[PDB]
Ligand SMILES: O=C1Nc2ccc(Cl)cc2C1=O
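Presented as structure tokens, the chain that follows is alone, the form solved without the named molecule.
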């Protein structure tokens, strides 16, 4: 068995190996990469996503989200308070202001210590979930707006043609902006490219151990757990590495820098934070190996998780028993 300790693997494809996206994912899996739940891919030195980032300031962040925490430093939830629209230039200036800017620090480890000690006492503003792309149309390799669609993968594997579309999303971050513990919708893969700015630290639980994290979360968030049998789908709960270690939960961590891709694998729980002003692009995707995970994925039917148009068909075809209840949740 390849990668039996479920370590995060880092890959350095050549420009020739960067041509065929599906083939390289399958290669990484042949080496055991999926067992960690997360892999890093450093593009060949010849590649670029676009020529420059000098002209992005006029992108609108229609609904910036203020991430307000409740709980204790290592075990907390966040809610998203909607703020007035602002441009990416306005948001960058806000991220760099004395109130929001990254503090002085020694290295990534010191900054991580400071994040876990102090996150809850601040409410950073995240420009998350913005439909769009920063890849140049002429970038032919690993262009997240030109991937094969999940609807096409389902049709190729299973024969059934379904409605829906699959497009990327931009994330503009600042110091302490946070992504809560989650897997993807329908336990899909995700791919995330850090276009510019400061790093993003990730935490991940191996897919084979995801239920260990769920059982801890039910213990740590007992009211949420009674409200919903899949409340991590709400994407609100944070648990620190120290708390994970105290409770014996297997996990790994890694920091992504500008110019690097991360892939999350089906049922790989992940969480993390931004070091300072940055911009990432991410999209979900599927492979043949995903289908079985999609058929078994949990679902939120309490009404909180509320998701995309395209998830309807995935539930309807892969989980017809659950369909009726799930759709009541969505309506």
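Note that the rigid core is defined as the largest set of C-alphas that superpose within 1.5 Å between two forms. Numbering follows the first chain given and starts at 1. Shifts are known only where both forms have a C-alpha.
If you look for the form deposited with the named molecule bound, you will not find it shown, but the lines that follow are about it.
- Task: Could you superimpose the pocket C-alphas so that the named molecule sits on this ligand-free chain as it does in the bound PDB entry, and then tell me whether the site is open or blocked by the 2.4 Å backbone/C-beta test with a threshold of 3 atoms?
- Result: If you fit the named molecule onto this chain using the C-alphas around its site, the pocket comes out blocked.
- Distance check, residue 305 to the named molecule in the bound PDB entry, heavy atom within 4.5 Å: The answer is yes: residue 305 has a heavy atom within 4.5 Å of the named molecule.
- in the bound PDB entry, does residue 300 have a heavy atom within 4.5 Å of the named molecule? Result yes; residue 300 sits at the interface with the named molecule in the bound PDB entry.
- Message: Tell me which consecutive stretches, at least 3 residues long, show Cα shifts of 2 angstroms or more between the shown form and the other one after the core superposition.
- Response: Core-superposed, just one run shifting 2 Å or more comes out: 324-328.
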